[PDB]
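Visitor:
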Ligand SMILES: NS(=O)(=O)c1cccc(NC(=O)NCCCCO)c1
Ligand SMILES: NS(=O)(=O)c1cccc(NC(=O)NCCCCO)c1
Ligand SMILES: [Zn+2]
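In the deposited numbering, the protein residues as written are 4 to 125, 127 to 261.
1) Specify the secondary structure class of residue 114 as computed by DSSP and reduced to three states.
2) How about the segment 129-149 and the segment 76-85: do they share at least three Cβ pairs that are nearer than 8 Å?
3) I need the straight-line Cα distance from residue 16 to residue 203, nearest angstrom please.
4) Just list the beta strand (DSSP E) runs in the segment 199-258, keeping only unbroken ones of 3 residues or longer that don't cross its boundaries, in chain order.
5) Helix, strand or coil for residue 188, going by three-state DSSP, please let me know.
6) Just tell me which of 99, 92 and 6 has its CA closest to the CA of residue 70.
7) Would residue 188 and residue 157 be called neighbours here (beta carbons separated by less than 9 Å)?
8) Please say whether residue 259 and residue 191 have beta carbons closer to each other than 9 Å?
9) So residue 179 packs on residue 68, CB below 8 Å; how close in whole Å?
10) How close, in whole Å, do the beta carbons of residue 199 and residue 29 come, if the pair is a contact with beta carbons under 8 Å?
11) Are the CB atoms of residue 164 and residue 216 nearer to each other than 9 Å?
12) Mapping DSSP to helix, strand and coil, what is residue 51?
13) For my contact list, residue 173 and residue 60 are in at a C-beta cut-off of 8 Å; report their separation, rounded to the angstrom.
14) Should the segment 241-259 be regarded as contacting the segment 31-46, the criterion being three or more beta carbon pairs within less than 8 Å?
15) Flag this pair as touching only if the segment 127-135 and the segment 19-37 have three or more C-beta atom pairs under 8 Å; answer yes or no.
16) Using the Cα positions of residue 113 and residue 33, report the straight-line distance between them to the nearest angstrom.
17) So who's on the other strand from residue 175, going by DSSP bridges?
18) So if I measure from each beta-carbon to every heavy atom of ligand 2 and keep distances below 5 Å, which residues remain?
19) What is the rounded straight-line gap between the Cα of residue 181 and the Cα of residue 247?
20) By how many angstroms is the C-alpha of residue 31 removed from the C-alpha of residue 119?
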């Protein structure tokens, strides 16, 4: 199907998903000198205290930690957003080498990985409806650099052995996503898309300025996952990132001077 290989990777996706060449595709390079400070942007409101994680799933392109989104338990509000967006899942994109892995770039710099906390706009009732709307999703993107370990990531790292291959899932309750956030909620924001097929143009991107640091051992454990299913030839799940796409008629806004 689509993937990240030589014959089915990002440069092939437009053949099945013509919106890949659309007007608001993601990710993009964030040119920090060209981003415009907008003093009218509100602080983000991240309300994760009642979050209910349920499960972790290897879907063959990343792993998703999924949450109960049937009530307003973990929500993102404020910032550029109107209304309330519910956390449905988070996942990461990462590299085969510490010098690559992020989807967004900052002044062309690539980070080792990028966390996506995915939220949907409650006025659309469910995630499947929301992805059909230009303001249907808000994805909070957080860069990962390699250095000190991130203690709040370790429970994720340690369960990965149980979901090595595509289609495997494991119970993953009581995980607190607040342990994945940096100190500052300063952010850049722009209208964009899902970064994997179907590449729908439904995302308000909110990318935090401050990266989190994770250890080399933590990211090494991401790289032991597999894209394939069990009993299929082993292909390490690495370099599951889409490169930067043209900014076209968009302006990136910054919440900070
Ligand atoms: N990236 S994409 O336009 O969705 C794309 C490009 C090239 C091939 C495919 N899909 C397939 O080849 N599916 C057949 C799977 C054969 C694996 O043994 C999808
Ligand atoms: N990478 S991202 O822009 O945060 C994002 C967020 C939510 C959904 C998606 N894309 C998908 O789920 N695509 C479906 C992939 C095949 C089913 O596993 C991407
Ligand atoms: Zn993603």
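Each residue gets a CB set at the ideal place from its N, CA and C atoms; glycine is no exception.
Guide: Well, looking at it:
1) Residue 114: coil per DSSP, three-state reduction.
2) yes
3) If you take the alpha carbons of residue 16 and residue 203, they lie about 9 Å apart.
4) The qualifying runs are 207-212 and 216-218.
5) coil
6) 92
7) When the beta-carbon positions are compared, residue 188 and residue 157 stay at least 9 Å from each other.
8) yes
9) With a beta-carbon spacing of about 6 Å, residue 179 and residue 68 fall inside the 8 Å limit used to define contacts.
10) 5 Å
11) no
12) coil
13) 4 Å
14) Touching, yes.
15) No, the segment 127-135 is not in contact with the segment 19-37.
16) 11 Å
17) 58
18) 62, 119, 121, 143, 198, 199 and 200
19) 26 Å
20) 14 Å
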